[PDB]
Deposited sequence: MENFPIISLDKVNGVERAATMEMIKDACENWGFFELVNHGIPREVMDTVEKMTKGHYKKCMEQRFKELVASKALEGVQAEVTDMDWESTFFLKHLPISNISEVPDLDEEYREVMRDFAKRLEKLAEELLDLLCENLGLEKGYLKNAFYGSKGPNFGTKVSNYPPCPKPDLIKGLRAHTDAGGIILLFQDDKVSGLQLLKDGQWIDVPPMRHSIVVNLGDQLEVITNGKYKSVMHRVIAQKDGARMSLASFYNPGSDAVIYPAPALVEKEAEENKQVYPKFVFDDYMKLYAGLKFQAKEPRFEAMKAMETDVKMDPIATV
């Protein structure tokens, strides 16, 4: 059954069992849901109410523009013509950009700086706990993620409607995350997040004040396939969550990722610079003919 982990229990006598759940989650699920994670409910509830406030502003503004755009063509804009989807990204590390993102309150910007510093601390704690389970030095993964300027840490803030009906959302393509460790905060209890475990869809159980954690492709490389990045997809439920803060703690652009030499005995995962993996992901690496001829010879 799905790993739900009370993170505070790692401080007390039930540490061995809690670290075991994390080990089990990392090896067999690629995902776990955290509660009692050292981020107050007051802080999370602030983030929710404020983000929903910003969203409400954007939709009232968007409708005024739609009515004007549509009226230009001699057509009445209905409320049913609304694009309810809104998403924007907030970079934190190595260079923050919360001061430069358009159309935010100063008190909103300040709470997201507070939210980001809290999350990188949680992210870095979890990586240390992983380091311990793997039998590795403290801060090995933080070190490996660093590169020169430091690790890439940012947050995708999204607000969205429910899906019109399930059968449309069926047959949609899933993915594994290319990054390092990914921390999802949502409103409600129902995430609408599904894992593809043994050919079948398992829903992430609903939990209030939770943070859902999962491991990306980079940690699979570093652990030499031991902690695998798992196939998944998020879908908006009819009476579930309609707000998602997805914070990605990835390696820095120039960080050289490779399997930790300790975790290699008797195939071997590759060595590469993180930006090149992301450049492959975005289709930039085969923009000339000679590379394409290499690739077609390999196949």
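Not built in the structure, per the record, are deposited positions 1 to 2, 269 to 274, 308 to 319.
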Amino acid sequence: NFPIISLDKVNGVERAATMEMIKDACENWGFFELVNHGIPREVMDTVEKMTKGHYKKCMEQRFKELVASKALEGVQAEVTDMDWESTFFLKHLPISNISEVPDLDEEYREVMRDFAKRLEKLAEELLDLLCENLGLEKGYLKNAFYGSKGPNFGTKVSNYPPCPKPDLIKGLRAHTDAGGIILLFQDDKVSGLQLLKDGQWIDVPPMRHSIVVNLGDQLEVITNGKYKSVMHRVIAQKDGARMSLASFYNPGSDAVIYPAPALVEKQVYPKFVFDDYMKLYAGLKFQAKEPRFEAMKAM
From here on, numbers count along this sequence of modelled residues.
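For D254, the record comparison shows coordinates present in all the other entries of this protein that model its neighbours, with no third of them leaving it out.
Note: missing coordinates for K266 occur in a third or more of the other compared entries bracketing this position. If you average the C-alpha B-factors over 82 to 90 and over 104 to 112, the higher value belongs to 104 to 112.
Higher mean CA B-factor, judged across 162 to 170 and 148 to 156 from the recorded values: 162 to 170.
Ranking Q194, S229, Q76, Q186 by Cα temperature factor from the entry places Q186 first. Across the residues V273, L245, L34, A236, the deposited record lists the maximum Cα B factor for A236. Among the modelled residues of its chain, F286 has a C-alpha B-factor that falls in the highest third, as given in the PDB entry. Among the modelled residues of its chain, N143 has a C-alpha B-factor that falls in the middle third according to the deposited record. Residue-level temperature factors show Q267 in the highest third of its chain, judged at the C-alpha atom. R208 sits in the highest third of its chain by CA B factor, as recorded in the PDB entry. Residue-level temperature factors show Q200 in the middle third of its chain, judged at the C-alpha atom.
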